[PDB]
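One chain is shown next in structure tokens, namely the form deposited in one PDB entry.
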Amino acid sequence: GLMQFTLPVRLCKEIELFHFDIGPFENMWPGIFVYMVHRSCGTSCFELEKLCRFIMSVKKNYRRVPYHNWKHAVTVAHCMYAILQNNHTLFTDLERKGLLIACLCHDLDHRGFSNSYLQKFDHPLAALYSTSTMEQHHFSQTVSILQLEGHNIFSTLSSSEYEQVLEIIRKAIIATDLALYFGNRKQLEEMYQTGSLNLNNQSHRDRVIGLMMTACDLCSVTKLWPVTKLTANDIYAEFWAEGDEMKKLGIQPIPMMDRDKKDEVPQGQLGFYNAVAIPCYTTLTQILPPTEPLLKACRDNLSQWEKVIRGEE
């Protein structure tokens, strides 16, 4: 009960900032996550023995792929931690519990390929789950790990609270399907502008948690430029491997995924910032004003990519 996690002074301070980088020491990531759960939720939310076993089973079920890996999981959970900490009173006890776990689990057993590649491959998962293929798999994997003996971190909840938290986690993980983000953001835009957005409306909360999940999932674009730039290498390492696998199926991949067309990357980043990232953090900042640093950091990185195109780097 009286066993607090403490981080070194630089991490203790920097971890509260949206643009915090979790660092290259894998062995510190579990402790960073537990630290964030204790401050975000309470030292009582989870049985420490159970939580540690859950975290290590989650780590084991992330693969050694360039980007959709254990580091991404903890990076996305940290962004959620920063949003929750800057929006203290807006979220329930169950929501703070659910969302950090949802974020840690959101890409469980990712193979580094898009839903599109699975469907064109005719992967078994594409037969089992026609839409949000990988996201339905990630949630499936989460429930599987929760059901391991000694791994049920929610055991102290009532039947009804247990069903509420697994329903929060399911929707949160489904929302990380970027295909669903466009419609979700549009509806949130309409609702915020016409003034109908109502955080006591469960369907409205769901939408807002969805947008937070997109924002945390894309938070690579909200880091300082050196982190953003080096993470984009890992992202494109996966895209190019998928492009190679598309070519093996006798399909010319979109230029984004074609390693012959690396020149077109900087312009592809502009499109992504303008079509996805900027609108995402804009709508998020409208609904949750204290998340503005994510929009500001994102705009700064767009400017850095414009400088790459103008050959100034």
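Think of the rigid core as the biggest set of C-alphas that the two forms share within 1.5 Å after superposition. Only residues modelled in both forms are compared. Start at 1 and count along the sequence shown; that's the residue number.
- request: Higher average CA B factor in the deposited record is what I'm after, so tell me if that's 20-28 or 5-13.
  value: Taking the mean B-factor of the alpha carbons in each, 5-13 is higher.
query: As stated in the PDB record, which stretch has the larger average Cα B-factor, 158-166 or 77-85?
result: Comparing 158-166 with 77-85, the higher average CA B-factor belongs to 158-166.
query: Based on what the PDB entry reports, which of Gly195, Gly183, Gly210, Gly243 has the top C-alpha B-factor?
result: Max CA B-factor in the entry, restricted to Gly195, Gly183, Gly210, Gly243: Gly195.
Top Cα B factor in the deposited entry, candidates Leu284, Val65, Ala277, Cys41: Top of the list by C-alpha B-factor: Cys41.
message: Ranking every modelled residue in this chain by its Cα temperature factor as given in the entry, which third contains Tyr35?
response: Tercile = middle for this residue's CA B-factor.
- prompt: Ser57's Cα B-factor: lowest, middle or highest third of the chain?
  reply: For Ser57, whose C-alpha B-factor we compare with every modelled residue in the chain, the answer is the middle third.
query: What third of its chain, lowest, middle or highest, does the C-alpha temperature factor of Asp122 fall into?
result: CA B-factor rank for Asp122: middle third.
message: Looking at the temperature factor on the CA atom of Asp206, which third of the chain's modelled residues does it land in?
response: Tercile = middle for this residue's CA B-factor.
Third assignment of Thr222 from its chain's C-alpha B-factors: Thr222: CA B-factor falls in the lowest third of its chain.
There is another form of the same protein, the form deposited in another entry; it is not shown, and what comes next is about it.
Large Cα shift (2 Å or above) at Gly250 between the shown form and the other one, core-fitted: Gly250: C-alpha displaced by 2 Å or more between the shown form and the other one.
task: Take the rigid core as the frame of reference and indicate whether the C-alpha of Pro24 shifts by 2 Å or more between the shown form and the other one.
output: Yes: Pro24 shifts by at least 2 Å between the shown form and the other one.
- request: Once the rigid core is superposed, list every run of three or more consecutive common residues with all C-alpha shifts of 2 angstroms or more between the shown form and the other one, in sequence order.
  value: When the rigid core is held fixed, residues 1-7, 23-27, 248-251 are the runs that shift.
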